[PDB]
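In what follows, a structure is listed as structure tokens, so that the remarks can point back to it.
Number of protein chains: 2
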Amino acid sequence: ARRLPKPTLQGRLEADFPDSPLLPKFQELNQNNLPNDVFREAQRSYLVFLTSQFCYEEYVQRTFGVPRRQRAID
Amino acid sequence: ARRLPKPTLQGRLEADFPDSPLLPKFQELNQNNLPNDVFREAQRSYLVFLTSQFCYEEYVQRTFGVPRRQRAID
């Protein structure tokens, strides 16, 4: 019926960092008769989801081979 | 009935430091024929009160002034 209180989490991250490559898929979420704070909480959730997804990508593509046989000549 | 002896507190701080702030607040001191020593400790008390006010109002500004997000791109 209820949940834990929300964190402090002050500020909006798209207004401070609008030059990160996650912004187009981040801006896909828009409100359909949702209020301001509810959409902002869903926006914070949709931003941490894309940040987590891209950080999992940046973990995956370096741990395929952390060395490489091909960079020995390089 | 009475009180403790006063501390030493030699000299007058407002005279030796004219380039400091909070002396425009320290100008208006309501002396109505106050004696040559009673106004001295009244100057002491009001000066340390203004100094403590300035130190608290700069401490709360240094507390609310955290490493910001607009100071991260800076």
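Chain order of the listed sequences is A and B. Per this note's numbering, residue 104 is the first one in the first sequence, and the count goes up by one each step. Per this note's numbering, residue 104 is the first one in the second sequence, and the count goes up by one each step. For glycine and all other residues, C-beta sits at the position ideal for the given N, C-alpha and C.
Selected residue, minimal CA-CA separation from residue i, among the options
{"i": "residue 127(B)", "options": "160(B), 149(B), 170(B)", "result": "149(B)"}
{"i": "residue 161(B)", "options": "142(B), 130(B), 124(B)", "result": "124(B)"}
{"i": "residue 177(B)", "options": "163(A), 119(A), 104(A)", "result": "119(A)"}
heavy atom of the ligand ZN below 7 Å from residue i C-beta
{"i": "residue 172(B)", "result": "Absence of the ligand ZN is noted for the structure shown, with no ligands found whatsoever."}
Nearest-angstrom Cα separation, counted from residue j out to residue i
{"i": "residue 130(A)", "j": "residue 116(B)", "result": "59 Å"}
{"i": "residue 134(A)", "j": "residue 152(A)", "result": "18 Å"}
{"i": "residue 114(A)", "j": "residue 140(A)", "result": "13 Å"}
{"i": "residue 154(B)", "j": "residue 136(A)", "result": "53 Å"}
{"i": "residue 174(B)", "j": "residue 109(B)", "result": "47 Å"}
{"i": "residue 142(A)", "j": "residue 122(B)", "result": "52 Å"}
{"i": "residue 159(B)", "j": "residue 170(A)", "result": "55 Å"}
{"i": "residue 144(B)", "j": "residue 111(A)", "result": "46 Å"}
{"i": "residue 164(B)", "j": "residue 146(B)", "result": "27 Å"}
{"i": "residue 156(B)", "j": "residue 104(A)", "result": "47 Å"}
{"i": "residue 166(A)", "j": "residue 106(A)", "result": "37 Å"}
{"i": "residue 172(A)", "j": "residue 172(B)", "result": "41 Å"}
{"i": "residue 168(B)", "j": "residue 132(A)", "result": "32 Å"}
The alpha helix (DSSP H) enclosing residue i, as first and last residue numbers
{"i": "residue 160(A)", "result": "139 to 163"}
{"i": "residue 122(B)", "result": "Unbroken run through residue 122(B): none, as it is neither H nor E."}
C-beta neighbour in chain C for residue i, strict 8 Å
{"i": "residue 173(B)", "result": "Absence of chain C from the displayed structure is noted, the protein chains being A and B."}
Contact set between the region 104 to 133 of chain A and chain B, restricted to residues whose Cβ is under 7 Å from the partner | 114, 119
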